[PDB]
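Colleague: Sending over query_36.tsv (TSV, N, CA and C atoms and all ligand atoms).
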```
chain	number	residue	atom	x	y	z
A	93	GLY	N	20.70	13.78	4.68
A	93	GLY	CA	22.14	13.62	4.60
A	93	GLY	C	22.79	13.46	5.95
A	94	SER	N	22.36	12.45	6.70
A	94	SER	CA	22.90	12.20	8.03
A	94	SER	C	24.34	11.70	7.94
A	95	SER	N	25.13	11.99	8.97
A	95	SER	CA	26.52	11.57	9.01
A	95	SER	C	26.68	10.16	8.47
A	96	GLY	N	25.92	9.22	9.03
A	96	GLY	CA	25.99	7.84	8.59
A	96	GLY	C	26.66	6.94	9.60
A	97	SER	N	26.28	7.09	10.87
A	97	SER	CA	26.85	6.29	11.94
A	97	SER	C	26.01	5.05	12.21
A	98	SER	N	26.58	3.88	11.94
A	98	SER	CA	25.88	2.62	12.15
A	98	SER	C	26.82	1.57	12.74
A	99	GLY	N	26.25	0.43	13.13
A	99	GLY	CA	27.05	-0.64	13.70
A	99	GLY	C	27.57	-0.30	15.08
A	100	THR	N	26.69	-0.38	16.08
A	100	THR	CA	27.07	-0.07	17.45
A	100	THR	C	27.47	-1.33	18.21
A	101	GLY	N	26.96	-2.47	17.75
A	101	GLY	CA	27.27	-3.74	18.40
A	101	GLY	C	26.07	-4.64	18.51
A	102	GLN	N	25.31	-4.50	19.60
A	102	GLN	CA	24.13	-5.31	19.82
A	102	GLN	C	23.20	-4.66	20.84
A	103	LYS	N	21.99	-4.32	20.39
A	103	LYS	CA	21.01	-3.69	21.26
A	103	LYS	C	20.01	-4.71	21.79
A	104	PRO	N	19.38	-4.39	22.93
A	104	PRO	CA	18.39	-5.27	23.56
A	104	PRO	C	17.10	-5.36	22.76
A	105	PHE	N	16.99	-4.53	21.73
A	105	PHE	CA	15.80	-4.51	20.88
A	105	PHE	C	16.15	-4.06	19.46
A	106	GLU	N	16.14	-5.01	18.53
A	106	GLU	CA	16.46	-4.72	17.14
A	106	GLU	C	15.31	-5.14	16.22
A	107	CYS	N	15.12	-4.39	15.14
A	107	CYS	CA	14.06	-4.68	14.19
A	107	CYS	C	14.57	-5.58	13.06
A	108	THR	N	14.80	-6.85	13.39
A	108	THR	CA	15.29	-7.81	12.41
A	108	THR	C	14.73	-7.52	11.02
A	109	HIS	N	13.47	-7.09	10.97
A	109	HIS	CA	12.82	-6.77	9.71
A	109	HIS	C	13.74	-5.95	8.81
A	110	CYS	N	14.18	-4.80	9.32
A	110	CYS	CA	15.06	-3.92	8.57
A	110	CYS	C	16.43	-3.82	9.24
A	111	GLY	N	16.43	-3.69	10.56
A	111	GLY	CA	17.67	-3.59	11.30
A	111	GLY	C	17.70	-2.39	12.23
A	112	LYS	N	16.53	-1.81	12.47
A	112	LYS	CA	16.43	-0.65	13.35
A	112	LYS	C	16.57	-1.05	14.81
A	113	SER	N	17.62	-0.56	15.46
A	113	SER	CA	17.87	-0.87	16.86
A	113	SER	C	17.22	0.17	17.77
A	114	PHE	N	17.01	-0.21	19.03
A	114	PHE	CA	16.40	0.69	20.00
A	114	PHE	C	16.93	0.41	21.41
A	115	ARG	N	16.60	1.29	22.34
A	115	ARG	CA	17.04	1.14	23.72
A	115	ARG	C	16.03	0.34	24.54
A	116	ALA	N	14.75	0.65	24.35
A	116	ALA	CA	13.68	-0.05	25.06
A	116	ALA	C	12.77	-0.79	24.10
A	117	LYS	N	12.08	-1.81	24.60
A	117	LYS	CA	11.17	-2.60	23.78
A	117	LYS	C	10.14	-1.70	23.10
A	118	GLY	N	9.37	-0.97	23.91
A	118	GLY	CA	8.36	-0.08	23.37
A	118	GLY	C	8.85	0.68	22.16
A	119	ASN	N	9.86	1.51	22.36
A	119	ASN	CA	10.42	2.31	21.27
A	119	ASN	C	10.45	1.51	19.97
A	120	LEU	N	11.03	0.32	20.03
A	120	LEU	CA	11.12	-0.55	18.86
A	120	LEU	C	9.74	-0.99	18.40
A	121	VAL	N	8.95	-1.52	19.33
A	121	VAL	CA	7.60	-1.98	19.01
A	121	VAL	C	6.86	-0.97	18.15
A	122	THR	N	6.93	0.30	18.55
A	122	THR	CA	6.26	1.37	17.82
A	122	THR	C	6.81	1.49	16.40
A	123	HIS	N	8.10	1.24	16.25
A	123	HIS	CA	8.75	1.32	14.95
A	123	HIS	C	8.27	0.20	14.03
A	124	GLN	N	8.26	-1.03	14.56
A	124	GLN	CA	7.82	-2.18	13.79
A	124	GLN	C	6.45	-1.93	13.16
A	125	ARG	N	5.63	-1.14	13.84
A	125	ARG	CA	4.29	-0.83	13.35
A	125	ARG	C	4.35	-0.27	11.93
A	126	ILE	N	5.52	0.24	11.55
A	126	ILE	CA	5.71	0.80	10.22
A	126	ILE	C	5.76	-0.29	9.16
A	127	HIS	N	6.25	-1.46	9.55
A	127	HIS	CA	6.35	-2.59	8.64
A	127	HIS	C	5.00	-3.27	8.45
A	128	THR	N	4.36	-3.62	9.57
A	128	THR	CA	3.06	-4.28	9.53
A	128	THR	C	2.22	-3.76	8.37
A	129	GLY	N	1.42	-4.65	7.77
A	129	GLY	CA	0.58	-4.26	6.66
A	129	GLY	C	-0.59	-3.41	7.09
A	130	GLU	N	-1.37	-3.91	8.04
A	130	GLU	CA	-2.53	-3.18	8.54
A	130	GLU	C	-2.19	-1.72	8.81
A	131	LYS	N	-3.18	-0.85	8.70
A	131	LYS	CA	-2.99	0.57	8.94
A	131	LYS	C	-4.14	1.16	9.74
A	132	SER	N	-3.82	1.82	10.85
A	132	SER	CA	-4.83	2.42	11.71
A	132	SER	C	-4.82	3.94	11.58
A	133	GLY	N	-3.62	4.51	11.52
A	133	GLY	CA	-3.49	5.95	11.39
A	133	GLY	C	-4.04	6.69	12.59
A	134	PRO	N	-3.42	7.83	12.94
A	134	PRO	CA	-3.84	8.65	14.08
A	134	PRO	C	-5.17	9.35	13.83
A	135	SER	N	-5.55	10.23	14.74
A	135	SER	CA	-6.80	10.97	14.62
A	135	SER	C	-6.56	12.38	14.10
A	136	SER	N	-5.72	13.13	14.82
A	136	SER	CA	-5.40	14.50	14.44
A	136	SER	C	-3.97	14.85	14.81
A	137	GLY	N	-3.54	16.05	14.44
A	137	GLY	CA	-2.18	16.48	14.74
A	137	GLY	C	-2.15	17.60	15.75
B	1	ZN	ZN	12.15	-1.97	11.00
```
Can the structure from this file be put into structure tokens for me?
Ligand SMILES: [Zn+2]

Modeller:
Amino acid sequence: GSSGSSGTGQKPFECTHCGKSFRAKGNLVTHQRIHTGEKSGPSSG
């Protein structure tokens, strides 16, 4: 139940796929990995 704050303007890195914006490329890149079909999954927690 987050406040619901969206629409900041235009970020240097956006996930056109869904619309997830980020500050740096990496941050976003890691997010996009959620869309990609392939799955690698981590090792441990
Ligand atoms: Zn996305």

Colleague: Please extract the residues at most 12 Å from ligand ZN 1 (chain B), counting only C-alpha atoms and all ligand atoms, and provide them as a list in words, using the chain letters and residue numbers of this document.

Modeller: residues 105, 106, 107, 108, 109, 110, 111, 112, 113, 114, 119, 120, 121, 122, 123, 124, 125, 126, 127 and 128 of chain A

Colleague: List every residue of chain A that DSSP, applied to the backbone, labels as helix (DSSP H, G or I), and write the result as number ranges by chain.

Modeller: A: 117-124

Colleague: For each of A:129, A:134, A:104, A:93, take the minimum atom-to-atom distance to residue A:117, counting only N, CA and C atoms, then give the residue where this is smallest.

Modeller: A:104

Colleague: Measure the distance from atom CA of residue A:115 to atom C of residue A:102 in Å and round it to one decimal.

Modeller: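 A separation of 8.9 Å between them.
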
Colleague: In Å to one decimal, how far is atom N of residue A:118 from atom N of residue A:103?

Modeller: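 A separation of 13.5 Å between them.
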
Colleague: Assign secondary structure with DSSP using the backbone only, and return the residues of chain A in strand (DSSP E or B) as a PyMOL selection string.

Modeller: chain A and resi 105-107+112-114
